[PDB]
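We begin with a single chain expressed as structure tokens, specifically the form deposited in one PDB entry.
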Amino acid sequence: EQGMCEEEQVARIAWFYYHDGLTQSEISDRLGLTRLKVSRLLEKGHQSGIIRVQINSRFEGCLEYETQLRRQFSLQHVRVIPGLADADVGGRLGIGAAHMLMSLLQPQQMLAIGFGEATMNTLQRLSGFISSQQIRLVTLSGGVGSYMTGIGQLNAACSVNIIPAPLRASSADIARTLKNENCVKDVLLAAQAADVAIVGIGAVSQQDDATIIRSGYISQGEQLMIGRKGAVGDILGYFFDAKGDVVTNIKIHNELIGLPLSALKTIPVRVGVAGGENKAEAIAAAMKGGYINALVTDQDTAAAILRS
């Protein structure tokens, strides 16, 4: 280095590029690093958080679809990002979701989170903010491993309450037992007294591409029984119908270690981050059941939700 950590190098290049408008080359020899190191870092900055880009306009998202999704479902916060065929769904939403959370979260506040590419991608772009604002995290469901992608790529000086059990027990009785263990029971309480919550939303229409199945928490065959039973999607493993009600005919619901949906309702602000048109139905059903009262999605999915 040059007596300065990378963080300071990013800020120095960010400053020369944006505030002094210098070619990514002029600043190469200016800071004493290869033309390739320069640009390497610039991108490093945006991805990290050091470099924040502000779009001050009511058109940051899809203004119309937002106003409509807001009224139709009575949502306290809604963000519909511009569509872009063929792209990581969760990676784009994560960006949007991060920004939204950066304005609803107050210093030293509790943030409940659920697994999935959508939320874990948000956690990643939200790492920086969690540090400074000193946000405390707490997992809404069991699983552990399924949370590593998000909390892992974070600072080690942050408070992260992790439910110490699997996401699903082999039997309903074993689930009751673990929920009574002090280590578990403790975090379930912690989770329910959270200020903001961020969860994903799975669809039964996703078949074998649903994070729930490709992670091995539910079998392909069990998925069928669930669809047949009239279920559209899920949240943390709890499945519901197109009207927004938990199908109380599914075996898994009593083997899930982790706050049941009725209990998640206690969190003031509940953000759902999901995209894709095959989710359109499950997302509408989650806003119906009142499981979420804020939503981060993409244009296509917004159109699909509003249409049907």
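Note that residue numbering begins at 1 and tracks the sequence as displayed. Residues that one form lacks are left out of the comparison. Whichever C-alpha set is largest while still superposing within 1.5 Å between the two forms counts as the rigid core.
Absent from the display: the form deposited in another entry. The rest refers to it.
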| item | value |
| --- | --- |
| C-alpha displacement of 2 Å or more between the shown form and the other one on the rigid core, among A87, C183, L224, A193 | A87 |
| Rigid core superposition, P107 Cα moves 2 angstroms or more between the shown form and the other one | no |
| Yes/no, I151 Cα shift of 2 Å or more between the shown form and the other one with rigid core fixed | yes |
| CA-CA separation of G150 and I212, closer or farther in the other form than in the form shown [shift of 3 angstroms or more] | farther |
| In the other form, whether the C-alpha atoms of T149 and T119 sit closer or farther than here (change of 3 Å or more) | farther |
| Consecutive-residue runs (3+) with Cα displacement of 2 Å or more between the shown form and the other one, core aligned | 84 to 90, 148 to 158 |
